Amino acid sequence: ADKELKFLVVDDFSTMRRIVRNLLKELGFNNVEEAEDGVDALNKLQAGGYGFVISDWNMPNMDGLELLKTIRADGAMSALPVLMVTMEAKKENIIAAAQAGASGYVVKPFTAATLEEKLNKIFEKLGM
């Protein structure tokens, strides 16, 4: 994928955003912004430029499933890749996110290898 691809990393806890931002750096992506909830995210997204979203589920203001649904329902960003990264591991959550259009889904805690594999899976599926 283009190493200038702009990522938005969303989670209500800085620890997790920090892990993901650093992993992306390792993979060669330095164009990375953070958001703290679904609303914060949509604000940055509607500020334009973004090529990929990585998002938590449980967050105040707007959760990640609502964020995913909003993104997929907006004609201007409906195809934006959205990778869920969340502690929700139940099959009903995976189903609900998948059905809502998640590009991929990683369960916390995750390894560096896992994030890399699932990002690449999405890149390949989308021809990025």
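When you see a residue number, it is the position in the sequence shown, counting from 1.
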* Got a sec? Mean C-alpha B-factor, which is higher, 68-76 or 50-58? -> 68-76
* **Higher-B stretch (mean Cα B-factor, as the entry records it), 41-49 or 83-91** => 41-49
* To do: Classify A113 as lowest, middle or highest third according to the C-alpha B-factor given in the PDB entry, relative to its own chain.
  => highest
* Ranked against its chain, the third holding the CA B-factor of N31 -> highest
